[PDB]
């Protein structure tokens, strides 16, 4: 596996991709913050094969935090057995033990929509240990539910962690500033401007004028969205995922297809987004169709 | 002791907060106006529905609700008396935003000088919200709500709640409250004016682009590159258009209300803003001084140091629409 | 099952239904938003048999969400068998296992009053999985309560999810915009001014003048309601169900019948919609009767 | 139909409305005999005074879906799934389809009605009653076992109109429920005939209605704060005179200070003078 | 364990470490209160070996507190067997018992992220014993779960307790009452304006002018944050550890290396800080890049 | 146990009358006035015997529970066993000797929730509703006939710390029953001085020290709404540390100034250090 294979279809620039591996390899914990529809989940599976250098799923682990994840789930917890309770090794604890089987080959743990859960509750002991510096046997620590016999749990050096926090829900935003220093935050753009986005459409039977018209209108809208910060901040700006999918059968992109998108998905989104005057809704809706 | 009619300030506050009939109410004073907005504002929300935020609850109950916490259960041995510690999401209206409304209403009633009907109607509302718990309000409470998850409508009434508490003073009695004489102090009234325009111009002047611009001194000093001692300079507003740029400095002074000497000390700030600002576009550079006057509005133009500068006034107390017309008339002259 | 079986009694136009079935085959997740009383519950069971094309209720599961509903009940969670607790595969998990057995046949899950429960908390892991392009074993994910990383849960491709969410309550709205992207939102109107609704009335020995007068009356009223979008959006407008049922006896729809229902149902509603204006209540109430 | 103080027309409206729609809400201020109407009314609809069919409950803010329908609660050995009353009650009518079984919910306004009912908030509708519309419950282990409202079941809701909560408004539930107002009924002869058949003075009764109605009109004067929903009920007069104490102004004077004055205080809060006026006005 | 190895690398003045050692011998219950990234965790591991005078792991123990941490794990509690419940001596209990054997040798217990869990919930009864005056067998107490009153636990005088607390969260405005009385707070400065931090930078092939230019900015920026009290106090200010990291390769400091750090760590942190004033973000970010 | 207590004689005598009547006192006040010490010695005085067994002391915290206090079901090797608490067991001893006076000391009572801990017994512990007549079956009692009654001999002392800013309002349940008593720091008293005079302290150092703390304590009490009177520093630091026979002098004093008093000033004065240094200077300068 290599960069050329992954980056064939991605609409994100190479620039960020190098920025990721630059920040990742030094720091080992990163966050990609962007609105939905920019391929956050999409890139993450591809990146894992790069660092390992091979397309292997075993060295990768993927999860989503659902505002009910707990330290009992991630690390160490007690589960019913048939008649009586037992202690169960969590998933991350299960993952690290495999990861330290070989330091040579890198192991990745991927958490989608990480911002939701109360991360201090989930990680507990791990919040310190995740950092690049504080890894290995030097910083071994005994866990809460560890046996009285001293047995210690340390983050292996080979492990790299990636989190995928959407920036739309403001309430569900990381306010644990102690934790926000452990991670490095990578802003991801909607991906309209790139030709690599455009070429995908032209390859799929698209007019350059219709294509260039499309990006022109979205960029105007996102600026109007980006202008506000009171309610709708920079992060709220619309992703490109809506346009990406559904054309595999041979349906060529045209104003009919775009009009279906505008009426069906985005226009409901806009009225929820604004919810002050319809005229602003009527304005931008007609603009896209025009 | 001449001042603006109180109703007009509310319009400027609206643009200051960035988002109705006021003719009905007979009380000219502010708190009568402000309370009626809130007292109606609460009722407007209830029609649509108030915010309900799922608060997770971890408590000791005799059965399974949501997700059971195995650890706290076994550690406390709650199984034996038929109980579990389980996490579940009771849905309440007891959020910080709604608690603030109820606490604000308590303050509103306690104000000694207020329309009786306003006080009567609000006391109903306090009773109509039994679940919500009273709180002792501080700005720090409002600070936590800067996240602004809430709807656009909630932010308006909360801004009112911010205004009332800060502008509330205890009066004759220990329990009751008395309203601040907001109009008399120039600084807060002036700070309203500067913010009033900045958000206002974004609304109406779609033609031009409106931004506050920080400026940097042209100076260099051998002592320090920082130049921290030098005054920090940030424009009140800049309203840039392709044909012409324009900087405005606006302030509220009492001396100008008298129709004699003129208080234009702010002008001293202005030239240095023109000087330190250098436009790449090089279309033109213009400046504006705008002040509030009560009786009448007068516009003048000047050619001072290669700059085209205007000193102008607005006749607040006339009427809001003509004032809105007047402002659009004002910027139209100079923005050219 | 057949298409024409449904359309006989259905007041909604076919065009929306064609829009519905086109999106649903593509997106596989949808939300129907409108006021109460327009047949969201009515269509949903009908539409499922259309999409499958066969009248199989075994393949369809219908549920109504509410506040006291969680991932433990829905997907997976630990619950008491008796003396000993067990991991109880929830309703949605069981539904997916059934659909896995028969990939060819479409299996449909219908959620009434979806907007109430905290969907982020309820779906959780599913929130990512449900996407039309991420279904399959490639995106299989280990759950919270899974014993190991190897045990993983993936949505089948055949699954279609249908959401029913009333727009009368703005407090309860699906503001989670990332979740909003997964669902393709299909507005529904009361559809008073349609032939199929009137033909049902005329079939019940009704005056054409009274019927056409009736449709004109509400159309003006709904537009008045839609005007004050700050106060009341289109979502609040009156549904058609008040008029639909109650004629099963064979009672002809005279003006007296209308006068009874308006006094009992719509009259207090207008009082609440217009709390401030008593005159406005009197205006529209009297307008229908006269 | 003899000792009831509410018009025959309203109950005649109700019985047709109930039989057709199968769900109703009887909304009025306290002291108007909401409970007695419903208890009487169910016996009318059944036609026999059978109490086993009829069950009454009084909601309260802490009531939950765990209590009503299903829920996990402990036996002696441990925890189990415990079928709530309504599931148990619907099974009772499901055992006997022919007869009409009734369920009464008092103090309905207090609780989050959506929360308790949950699944049945759809099912309760008269058309969607039967196995076809059955659904698996939240706590049901398997989808196959489902719950469906039977056709015979009828629900009556009793609501206090004097404590409005501007917390949650549901207009969808309002579609399920056919709302019927109840007036206090001082003007009605049937209330007066009871008292005139209790050795009341004719003038004493007639002047009383003038007194109470003027108070009721004042409460309905300011529609926003108060309404017909707040105004005074009659039921306080029914009880306390069956011992044998015939009507007199002294008897009324007990009730005014005993009962009505806190209500007046509650309604006309922070306005003692209005209390003194309206309290004293009645006594004369 | 020589001071020269320990204290040379450290950025903190030799003045403050001396005072830290003074009060620690005196009171034995000490708290280091500072923002993240000032080496609070870094110093604490070294200080233990300073006091003991030797590199021994057994005499020093480290833990991180979190919400799940409890008395039953920390001190004493019952852990389920296959069915039965067996009492278990906890860490702090087990650690002191080792310290009981060797009263002369100094023993250290290190507690990171102490504010996250309430001390009463974990320590509980021991807050009486933990205090410096009420130590030794004279103050011995029988424990909550002790089988008989005869068994007793007393904090030997030798143990010293260090607690690492970060002043980065809004909740910590209400500092726990237990901490203030029983622990002695020490404030840790960010410590940019130090020779050793600079001397560290210069040693790694760094221009002095570029280094000194940076120090003016960080001292300038933290002043802006520290001036505020409502939203961001003095305790919220930036630490000195973003800049320490990333130099193991030997890559010289420059604007290129700096630009990665500002954009990927400090810029989005400022977005969270100065949410209300976006332009203030631009004001500082451009300043730092220069 | 009454030889040298820095507190004035009036208050310690007033309490004894108050305690014999009300039987439930709360001692407020700043930390470092020997709240336990004054309370501990008073317990021996009320009995008149310097015997520890009759006296018992426990420190309350928010997680302190009814299970620890009264009755709980801790597991033995095989199965759960009811375990008597402190107060429950404590009364069994006092019931033996009704003639004698038994005393229960409760530190930091406001911190914990009284109701969850005491539960049923909160009614009985009031002085009136005492004796066999008011006996009630306990919550965990398997048999109704076995009951718990508060004997008259028991006297309850509570220590509450005024200093904490986090404290806003006293618990209602606490206030109805207990008689709050305020102990001044008593930094300017003869008995405190006479102890210091017995140690090698000259009158000027005494007068210097007593004068300076009065001025500083006056500042804290002066800003009453901003800071409670109970914020003012106590005297216990000056008691301890001189047992070795060390002479108290300005050289010795400056250690305590910087070590104990300075962080307390830092905690109390969290706004302006410029104000703090002004007051630290006067203590020594």
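Things to note:
In order of appearance the chains are A, B, C, D, E and F, and numbering begins at 1 in each one.
Convention: a contact is a pair of C-beta atoms (placed from the backbone, for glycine too) under 8 Å apart; a residue touches a chain by one contact, two chains touch by 3 or more.
Chain-to-protein mapping (UniProt): B = Type IV methyl-directed restriction enzyme EcoKMcrBC.
Among the remaining chains, those touching chain B and also chain F are E.
Across the two candidate interfaces, B-D and E-F, the one carrying more C-beta contacts is B-D.
For this pair, chain B with chain E, the centres built from the Cα atoms lie 40 Å apart.
For the pair chain C and chain F, the distance between C-alpha centroids works out to 64 Å. The distance from the centre of chain A to the centre of chain D, each centre being the mean of the chain's C-alpha atoms, comes to 53 Å. Between the CA-based centres of chain A and chain B the separation comes to 36 Å, rounded to the whole angstrom.
Across the assembly, chain C contributes residues 67-68, 70-71, 78-80, 83, 85, 118, 121, 169, 171, 230, 272, 275-276 that each touch 2 or more other chains.
Contact of a single residue of chain B with at least two other chains is seen at positions 43, 47, 49-50, 52, 64-65, 67, 70-71, 74, 91, 147, 151. Contacting chain pairs (ordered by label): A-B, A-C, A-E, B-C, B-D, B-E, B-F, C-D, E-F. Interface residues of chain C facing chain B in the complex, by the touch rule stated above, are 67-68, 70-72, 77-80, 85, 118, 121, 169-172, 230-232, 272-273, 275-276. Touching chain D in their complex are the following residues of chain C: 35-37, 41, 61-64, 66-69, 73, 79-80, 82-83, 88, 91, 94-95, 112-113, 116, 166, 168-169, 171, 236, 239, 241-242, 245-246, 264-265, 268-269, 272, 275-276, 278. The touching residues of chain B, counted against chain D in their complex, run 42-43, 46-47, 49-50, 52, 62-65, 79, 82, 84, 91, 93, 119-121, 123-125, 127-131.
Remark: chain B residues 40, 43-44, 47-52, 54, 64-68, 70, 88-91, 151, 153 touch chain C in the complex. Considering their complex, residues 73-75, 80 of chain F touch chain B.
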